[PDB]
Structures are given as structure tokens and as C-alpha cells.
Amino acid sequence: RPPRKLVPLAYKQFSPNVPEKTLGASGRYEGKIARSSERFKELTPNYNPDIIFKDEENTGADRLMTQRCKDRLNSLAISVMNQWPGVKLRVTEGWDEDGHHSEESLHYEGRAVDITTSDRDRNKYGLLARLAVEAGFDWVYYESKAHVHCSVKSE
């Protein structure tokens, strides 16, 4: 259906309005998942054709995420296309093994994504953040001028 009337998040706003790792948001960090580990096997790739994965790693790591993260991300892909026809959801970081995120980042568990719109139009990111809240991410933070960070609770 038609684009929605939305209230965007402000730069550096997060929703819910509590720290990411608290119970009301995404909950605690449970430990890095390394490629070589048994827990790595519970991550599966998101191959949704309506999402762009940056994949600067050329490894497909950005596609790996928990099912809870995948379901929210997929809902979000639909609402982005409906909000701005001709524009898609883009993921810059999904699960990570490059190691630039703060220690205890939910990226290391496949429980977070950093996203933009596919046109990199920063005027849309506050609205993109509101759609991520509406898509059911357990925490959404307009973290940087460069991207919005979204995460989920542990399965």
C-alpha cells in the first residue's frame, strides 16, 4: 500500500529509550560467534532479493543473521520499498568477523545490522529508523550520520 505518514527518529535517538543490552531492548550480549565455532552453524544467510548486501568482505558475512533478525529485516525490506518506490533496504554490516565493532557488539552474534537506503540518501535515515521500529526490531538507534543500527533479542 501507499507510503506511510511516519515520525522519524532524530539523529542519535534510540527506541525503546533504554540502553541496547537491557531487558526491555535487545538484552545481554552472550558471546562472539566465530566462523570456526559450533554456534556459527545456527546463523543462516538472508538471500532476500529485495535487500542489497554491501559485502565489501566478499564473504557473504553481511547476509548471516539469526532467524529473529532475518524476519524483522525482511519485514523492513517490504516497508522500505513501499515508503520510497524505486529504493531498497541496504545492509552494510550483518554478522561480523572483521572485528571493528566494539567488543560485545551484537554484530558478533548475528543479532544486529547496520542499514541505509539503497540511494544512500541521508534525509531518509530517520524515517528508515522509524520503519525499523515498526518492523519489530528490539532496538533501533540512529547511530551515525552514515547508518542506522538495528538489533534483536537472543532467540
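Note that the rigid core is defined as the largest set of C-alphas that superpose within 1.5 Å between two forms. Counting begins at 1, following the sequence as shown.
Engineer: Which of 45-53 and 96-104 lies farther, on average, from the shown form in 4 other deposited structures of this protein once the rigid core is superposed (C-alpha RMS)?
Structural biologist: It is 96-104 whose C-alphas lie farther from the shown form in 4 other deposited structures of this protein.
Engineer: Which of the two stretches, 20-28 versus 5-13, has its Cα atoms farther on average from this form in 4 other deposited structures of this protein when everything is superposed by the rigid core?
Structural biologist: The more displaced stretch in 4 other deposited structures of this protein turns out to be 5-13.
Engineer: Look up the CA B-factors in the entry and say which stretch, 25-33 or 62-70, has the higher mean.
Structural biologist: It is 25-33 that shows the higher mean C-alpha B-factor.
Engineer: Which of the two stretches, 108-116 or 38-46, shows the higher mean Cα temperature factor in the record?
Structural biologist: Between 108-116 and 38-46, it is 38-46.
Engineer: How does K12 rank on Cα B-factor within its chain, lowest, middle or highest third?
Structural biologist: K12: CA B-factor falls in the middle third of its chain.
Engineer: Mind checking which third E103 falls in for C-alpha B-factor across the chain?
Structural biologist: Ranked within chain, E103 CA B lands in the highest tercile.
Engineer: Comparing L6 with the other modelled residues of its chain, is its CA B-factor in the lowest, middle or highest third?
Structural biologist: Highest third - that is where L6 ends up once the chain's C-alpha B-factors are sorted.
Engineer: Is the Cα B-factor recorded for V18 in the lowest, middle or highest third of its chain?
Structural biologist: As the PDB entry reports it, the C-alpha B-factor of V18 lands in the highest third of its chain.
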